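Visitor: This is the content of structure-v6.txt (compact mmCIF, C-alpha atoms):
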```txt
# COMPACT_ATOMS: atom_id res chain seq x y z
CA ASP A 568 -63.22 -127.93 64.02
CA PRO A 569 -60.10 -127.89 61.84
CA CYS A 570 -61.97 -130.04 59.33
CA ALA A 571 -63.94 -126.98 58.19
CA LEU A 572 -60.77 -125.49 56.70
CA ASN A 573 -60.23 -128.76 54.78
CA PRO A 574 -63.69 -129.97 53.74
CA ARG A 575 -62.19 -132.67 51.51
CA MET A 576 -61.02 -134.62 54.56
CA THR A 577 -64.40 -134.81 56.34
CA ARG A 578 -65.43 -138.15 54.85
CA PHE A 579 -62.15 -139.83 55.76
CA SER A 580 -62.01 -138.25 59.22
CA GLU A 581 -65.53 -139.36 60.12
CA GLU A 582 -65.19 -142.86 58.68
CA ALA A 583 -61.67 -143.42 60.07
CA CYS A 584 -61.83 -142.20 63.68
CA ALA A 585 -64.84 -144.45 64.21
CA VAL A 586 -63.13 -147.76 65.01
CA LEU A 587 -62.76 -146.26 68.48
CA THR A 588 -66.52 -146.69 68.82
CA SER A 589 -66.60 -149.90 66.78
CA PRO A 590 -66.91 -153.29 68.50
CA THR A 591 -63.15 -153.81 68.14
CA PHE A 592 -62.75 -151.42 71.08
CA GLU A 593 -65.97 -152.27 72.92
CA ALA A 594 -63.77 -154.26 75.30
CA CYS A 595 -62.04 -151.03 76.35
CA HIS A 596 -65.08 -148.73 76.14
CA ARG A 597 -65.96 -149.57 79.74
CA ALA A 598 -62.32 -149.22 80.78
CA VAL A 599 -62.07 -145.78 79.15
CA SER A 600 -64.69 -143.67 77.41
CA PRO A 601 -63.49 -142.87 73.86
CA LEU A 602 -65.16 -139.47 73.79
CA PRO A 603 -62.02 -137.36 74.28
CA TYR A 604 -59.99 -139.78 72.17
CA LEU A 605 -62.48 -139.81 69.29
CA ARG A 606 -62.57 -136.01 69.34
CA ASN A 607 -58.77 -135.89 69.40
CA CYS A 608 -58.54 -138.34 66.50
CA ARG A 609 -60.98 -136.31 64.42
CA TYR A 610 -59.13 -133.08 65.21
CA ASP A 611 -55.82 -134.72 64.29
CA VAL A 612 -56.66 -136.53 61.05
CA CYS A 613 -58.39 -133.47 59.58
CA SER A 614 -55.70 -131.00 60.69
CA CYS A 615 -52.25 -132.49 59.99
CA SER A 616 -50.00 -133.03 57.00
CA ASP A 617 -50.36 -136.82 56.74
CA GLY A 618 -53.88 -137.97 57.55
CA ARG A 619 -53.11 -141.67 57.89
CA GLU A 620 -50.11 -141.13 60.17
CA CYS A 621 -52.11 -138.92 62.52
CA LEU A 622 -54.93 -141.47 62.47
CA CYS A 623 -52.35 -144.03 63.57
CA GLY A 624 -51.17 -141.69 66.31
CA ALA A 625 -54.64 -141.04 67.71
CA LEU A 626 -55.87 -144.63 67.56
CA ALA A 627 -52.63 -145.84 69.13
CA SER A 628 -53.00 -143.21 71.85
CA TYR A 629 -56.42 -144.56 72.74
CA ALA A 630 -55.10 -148.12 72.62
CA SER B 190 -49.19 -124.30 51.31
CA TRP B 191 -52.82 -124.62 50.12
CA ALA B 192 -52.85 -128.32 49.24
CA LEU B 193 -55.92 -130.16 50.58
CA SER B 194 -55.41 -133.91 50.88
CA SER B 195 -58.48 -136.12 51.20
CA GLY B 196 -58.46 -139.72 52.39
CA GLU B 197 -56.85 -141.75 49.62
CA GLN B 198 -55.81 -138.55 47.81
CA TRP B 199 -52.54 -137.88 49.58
CA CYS B 200 -49.98 -135.55 48.02
CA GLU B 201 -46.51 -134.07 48.29
CA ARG B 202 -44.79 -130.75 47.68
CA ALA B 203 -45.37 -129.95 44.02
CA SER B 204 -42.14 -128.62 42.53
CA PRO B 205 -41.52 -126.79 39.25
CA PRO B 206 -40.54 -129.02 36.32
CA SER B 207 -36.80 -128.94 35.64
CA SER B 208 -37.10 -128.49 31.88
CA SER B 209 -35.54 -125.69 29.84
CA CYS B 210 -36.07 -124.60 26.23
CA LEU B 221 -39.25 -118.72 16.79
CA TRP B 222 -43.01 -118.17 17.14
CA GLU B 223 -43.12 -114.48 18.07
CA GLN B 224 -46.78 -114.12 17.10
CA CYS B 225 -48.06 -112.86 20.45
CA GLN B 226 -45.78 -109.82 20.23
CA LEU B 227 -48.95 -108.29 18.74
CA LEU B 228 -50.26 -108.08 22.32
CA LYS B 229 -48.43 -104.73 22.42
CA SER B 230 -48.67 -103.91 18.68
CA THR B 231 -52.11 -104.58 17.20
CA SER B 232 -54.69 -101.84 17.66
CA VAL B 233 -57.36 -104.24 18.93
CA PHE B 234 -55.12 -105.18 21.86
CA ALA B 235 -53.59 -101.70 22.00
CA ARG B 236 -56.95 -100.31 23.12
CA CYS B 237 -56.45 -102.24 26.37
CA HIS B 238 -53.02 -100.79 27.19
CA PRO B 239 -54.52 -98.07 29.45
CA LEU B 240 -56.05 -101.03 31.29
CA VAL B 241 -54.00 -104.04 32.45
CA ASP B 242 -50.52 -103.95 30.93
CA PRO B 243 -49.44 -106.64 28.43
CA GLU B 244 -45.91 -106.99 29.84
CA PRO B 245 -46.84 -109.78 32.30
CA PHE B 246 -48.63 -111.49 29.42
CA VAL B 247 -45.59 -111.06 27.17
CA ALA B 248 -43.49 -112.69 29.88
CA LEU B 249 -46.06 -115.48 30.01
CA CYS B 250 -45.65 -115.78 26.25
CA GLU B 251 -41.90 -116.15 26.59
CA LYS B 252 -42.35 -118.79 29.28
CA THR B 253 -44.73 -120.76 27.05
CA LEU B 254 -42.85 -120.19 23.77
CA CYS B 255 -39.79 -121.60 25.51
CA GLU B 256 -41.41 -125.03 25.15
CA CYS B 257 -45.00 -124.41 23.94
CA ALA B 258 -45.10 -127.99 22.62
CA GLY B 259 -47.05 -127.70 19.37
CA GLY B 260 -47.33 -125.32 16.45
CA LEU B 261 -49.54 -122.22 16.23
CA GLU B 262 -50.81 -122.51 19.80
CA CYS B 263 -47.99 -121.02 21.90
CA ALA B 264 -49.82 -117.66 21.94
CA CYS B 265 -53.57 -118.36 21.90
CA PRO B 266 -53.93 -119.09 25.65
CA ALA B 267 -52.18 -115.86 26.67
CA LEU B 268 -54.09 -113.80 24.11
CA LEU B 269 -57.44 -115.21 25.24
CA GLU B 270 -56.54 -114.66 28.89
CA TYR B 271 -55.57 -111.05 28.20
CA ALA B 272 -58.80 -110.46 26.29
CA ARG B 273 -60.88 -111.94 29.11
CA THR B 274 -59.00 -109.94 31.74
CA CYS B 275 -59.56 -106.71 29.82
CA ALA B 276 -63.24 -107.52 29.32
CA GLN B 277 -63.67 -108.14 33.04
CA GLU B 278 -61.76 -104.95 33.85
CA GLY B 279 -64.05 -103.00 31.52
CA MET B 280 -64.21 -102.57 27.76
CA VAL B 281 -64.17 -105.86 25.84
CA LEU B 282 -61.80 -106.38 22.91
CA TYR B 283 -64.07 -106.49 19.87
CA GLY B 284 -62.82 -108.07 16.67
CA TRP B 285 -59.85 -109.92 18.11
CA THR B 286 -59.51 -113.65 17.31
CA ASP B 287 -59.75 -112.64 13.62
CA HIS B 288 -55.96 -112.40 13.19
CA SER B 289 -54.13 -115.34 14.80
CA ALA B 290 -56.04 -116.78 17.77
CA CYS B 291 -56.71 -120.50 18.06
CA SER B 292 -60.47 -119.99 17.67
CA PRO B 293 -61.43 -120.94 21.26
CA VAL B 294 -62.93 -124.42 21.15
CA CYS B 295 -66.70 -124.84 21.19
CA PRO B 296 -68.75 -128.05 21.26
CA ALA B 297 -70.27 -127.35 17.83
CA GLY B 298 -71.73 -124.57 15.73
CA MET B 299 -68.42 -122.73 15.90
CA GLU B 300 -69.46 -119.24 16.99
CA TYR B 301 -67.01 -118.05 19.64
CA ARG B 302 -68.21 -114.47 20.00
CA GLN B 303 -67.22 -111.76 22.45
CA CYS B 304 -70.16 -110.41 24.45
CA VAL B 305 -72.81 -113.04 23.79
CA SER B 306 -75.73 -112.34 26.09
CA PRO B 307 -76.20 -115.13 28.65
CA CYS B 308 -79.94 -114.67 28.13
CA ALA B 309 -79.40 -116.62 24.90
CA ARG B 310 -82.91 -116.97 23.53
CA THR B 311 -83.14 -120.71 22.94
CA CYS B 312 -85.47 -123.10 21.13
CA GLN B 313 -88.01 -123.64 23.93
CA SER B 314 -88.22 -120.34 25.81
CA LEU B 315 -91.07 -118.08 26.86
```
Taking this structure as input, can you express it in the form of structure tokens?

Guide:
Amino acid sequence: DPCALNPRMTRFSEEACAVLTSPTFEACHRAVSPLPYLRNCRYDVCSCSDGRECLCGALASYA
Amino acid sequence: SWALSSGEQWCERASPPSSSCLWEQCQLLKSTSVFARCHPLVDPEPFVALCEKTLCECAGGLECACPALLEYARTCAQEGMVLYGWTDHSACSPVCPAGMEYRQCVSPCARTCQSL
């Protein structure tokens, strides 16, 4: 939980790495479970220098 | 190294301003008796250097010294004995909302209007 060390980023991390579970990706949900990818996205956004860039990286990885 | 970005609040490496430069009032930090009592405690030399850094610009008039003096007084008070009687010579009279009464060692108990 890197987000503990940076509490300010919790809101953005939770509300950002959630499109993976949103209907936009429901088409893929059956193809691949976004449990590891959601966890990876949360760990990335709340642990790296540029939050938005790492959010891009994680969401693109799941895509 | 301790910056904490948050969602919209991105940030970048903060870097020192590239601005360079006689109100020698705070020299009393090492001269006046009221401050002199603290010399056995924390030394004034770092605070005199902080003076010089401020004084270099210290945009304003008779304020280049008050922050450092107040900080030294608070540091000494925390470290132990509290500088009584200072602020009566040259300090900026630390701001208060009203009823100007900045007073060293005011009890937090502060018997108020509606208290038991």

Visitor: Write out as a PyMOL selection string every residue belonging to chain A that has an atom at most 9 Å from any atom of chain B, counting only C-alpha atoms.

Guide: chain A and resi 573-580+613+616-619

Visitor: Looking at A:626, A:587, A:572, A:615, which one is nearest to residue 601 of chain A, with distances taken over only C-alpha atoms?

Guide: A:587

Visitor: Excluding residue 599 of chain A and residues on its chain fewer than 3 positions from it, collect all residues at most 12 Å away from it, counting all atoms listed in the file, and give them as a VMD selection string.

Guide: chain A and resid 587 to 588 592 to 596 602 to 605 628 to 630

Visitor: Figure out the distance between atom CA of residue 207 of chain B and atom CA of residue 248 of chain B, please, to one decimal in Å.

Guide: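 Separating atom CA of residue 248 of chain B from atom CA of residue 207 of chain B is a distance of 18.5 Å.
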
Visitor: Suppose you want the space between atom CA of residue 278 of chain B and atom CA of residue 262 of chain B; what is it in Å?

Guide: 25.0 Å

Visitor: Which neighbours of residue 568 of chain A fall inside 8 Å, counting all atoms listed in the file, when residues of the same chain fewer than 2 positions from it are skipped, and could you give them as a PDB file with C-alpha atoms, keeping the file's coordinate frame?

Guide:
```
ATOM      1  CA  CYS A 570     -61.970-130.040  59.330  1.00  0.00           C
ATOM      2  CA  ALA A 571     -63.940-126.980  58.190  1.00  0.00           C
ATOM      3  CA  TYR A 610     -59.130-133.080  65.210  1.00  0.00           C
TER       4      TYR A 610
END
```

Visitor: Write out as a ChimeraX atom specification which residues come within 12 Å of residue 251 of chain B when counting only C-alpha atoms, dropping same-chain ones fewer than 4 positions away.

Guide: /B:209-210,221-226,244-247,255-257,263-264,267

Visitor: Could you list, as a list in words, every residue within 10 Å of residue 227 of chain B, counting all atoms listed in the file and ignoring same-chain residues fewer than 6 positions away?

Guide: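 Skipping anything fewer than 6 positions along the chain leaves residues 233, 234, 235, 243, 247, 264, 268, 288 and 289 of chain B.
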
Visitor: Could you tell me how far atom CA of residue 253 of chain B sits from atom CA of residue 303 of chain B, in Å to one decimal place?

Guide: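 Separation between atom CA of residue 303 of chain B and atom CA of residue 253 of chain B: 24.7 Å.
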
Visitor: What would segment 199-228 of chain B look like with N, CA, C and O atoms restored, written as a JSON list (two decimals), keeping the file's coordinate frame?

Guide:
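Output file selection12.json follows:
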```
[["chain", "number", "residue", "atom", "x", "y", "z"],
["B", 199, "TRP", "N", -53.70, -138.51, 48.97],
["B", 199, "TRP", "CA", -52.54, -137.88, 49.58],
["B", 199, "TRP", "C", -51.83, -137.02, 48.54],
["B", 199, "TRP", "O", -52.25, -136.92, 47.38],
["B", 200, "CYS", "N", -50.74, -136.37, 48.95],
["B", 200, "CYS", "CA", -49.98, -135.55, 48.02],
["B", 200, "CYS", "C", -48.67, -135.15, 48.66],
["B", 200, "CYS", "O", -48.42, -135.41, 49.84],
["B", 201, "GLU", "N", -47.82, -134.51, 47.86],
["B", 201, "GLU", "CA", -46.51, -134.07, 48.29],
["B", 201, "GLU", "C", -46.27, -132.67, 47.75],
["B", 201, "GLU", "O", -47.05, -132.14, 46.96],
["B", 202, "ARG", "N", -45.16, -132.07, 48.17],
["B", 202, "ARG", "CA", -44.79, -130.75, 47.68],
["B", 202, "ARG", "C", -44.64, -130.78, 46.17],
["B", 202, "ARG", "O", -43.71, -131.41, 45.64],
["B", 203, "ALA", "N", -45.54, -130.11, 45.46],
["B", 203, "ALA", "CA", -45.37, -129.95, 44.02],
["B", 203, "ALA", "C", -44.21, -129.00, 43.75],
["B", 203, "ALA", "O", -44.11, -127.94, 44.37],
["B", 204, "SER", "N", -43.33, -129.39, 42.83],
["B", 204, "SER", "CA", -42.14, -128.62, 42.53],
["B", 204, "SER", "C", -42.10, -128.31, 41.04],
["B", 204, "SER", "O", -42.58, -129.10, 40.22],
["B", 205, "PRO", "N", -41.52, -127.18, 40.66],
["B", 205, "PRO", "CA", -41.52, -126.79, 39.25],
["B", 205, "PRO", "C", -40.79, -127.81, 38.40],
["B", 205, "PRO", "O", -39.77, -128.37, 38.84],
["B", 206, "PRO", "N", -41.28, -128.11, 37.20],
["B", 206, "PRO", "CA", -40.54, -129.02, 36.32],
["B", 206, "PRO", "C", -39.17, -128.45, 35.99],
["B", 206, "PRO", "O", -39.01, -127.25, 35.77],
["B", 207, "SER", "N", -38.18, -129.34, 35.95],
["B", 207, "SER", "CA", -36.80, -128.94, 35.64],
["B", 207, "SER", "C", -36.51, -129.16, 34.16],
["B", 207, "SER", "O", -35.65, -129.96, 33.77],
["B", 208, "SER", "N", -37.24, -128.42, 33.33],
["B", 208, "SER", "CA", -37.10, -128.49, 31.88],
["B", 208, "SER", "C", -36.87, -127.09, 31.33],
["B", 208, "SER", "O", -37.61, -126.16, 31.67],
["B", 209, "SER", "N", -35.86, -126.95, 30.49],
["B", 209, "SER", "CA", -35.54, -125.69, 29.84],
["B", 209, "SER", "C", -36.02, -125.73, 28.39],
["B", 209, "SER", "O", -36.67, -126.68, 27.95],
["B", 210, "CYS", "N", -35.69, -124.68, 27.64],
["B", 210, "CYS", "CA", -36.07, -124.60, 26.23],
["B", 210, "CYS", "C", -35.28, -125.59, 25.40],
["B", 210, "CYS", "O", -34.33, -126.21, 25.88],
["B", 221, "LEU", "N", -38.86, -119.64, 15.74],
["B", 221, "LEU", "CA", -39.25, -118.72, 16.79],
["B", 221, "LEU", "C", -40.64, -118.15, 16.52],
["B", 221, "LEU", "O", -40.83, -117.33, 15.62],
["B", 222, "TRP", "N", -41.62, -118.61, 17.30],
["B", 222, "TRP", "CA", -43.01, -118.17, 17.14],
["B", 222, "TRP", "C", -43.22, -116.93, 18.00],
["B", 222, "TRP", "O", -43.62, -117.00, 19.16],
["B", 223, "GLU", "N", -42.94, -115.76, 17.41],
["B", 223, "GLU", "CA", -43.12, -114.48, 18.07],
["B", 223, "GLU", "C", -44.46, -113.84, 17.75],
["B", 223, "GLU", "O", -44.57, -112.61, 17.70],
["B", 224, "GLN", "N", -45.49, -114.66, 17.53],
["B", 224, "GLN", "CA", -46.78, -114.12, 17.10],
["B", 224, "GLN", "C", -47.40, -113.22, 18.16],
["B", 224, "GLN", "O", -47.93, -112.15, 17.83],
["B", 225, "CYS", "N", -47.33, -113.61, 19.43],
["B", 225, "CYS", "CA", -48.06, -112.86, 20.45],
["B", 225, "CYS", "C", -47.47, -111.49, 20.71],
["B", 225, "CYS", "O", -48.08, -110.70, 21.44],
["B", 226, "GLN", "N", -46.30, -111.18, 20.14],
["B", 226, "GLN", "CA", -45.78, -109.82, 20.23],
["B", 226, "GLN", "C", -46.84, -108.79, 19.85],
["B", 226, "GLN", "O", -46.73, -107.63, 20.26],
["B", 227, "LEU", "N", -47.86, -109.19, 19.09],
["B", 227, "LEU", "CA", -48.95, -108.29, 18.74],
["B", 227, "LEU", "C", -49.75, -107.85, 19.96],
["B", 227, "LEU", "O", -50.54, -106.91, 19.85],
["B", 228, "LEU", "N", -49.57, -108.51, 21.11],
["B", 228, "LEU", "CA", -50.26, -108.08, 22.32],
["B", 228, "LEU", "C", -49.97, -106.61, 22.62],
["B", 228, "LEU", "O", -50.81, -105.92, 23.21]]
```
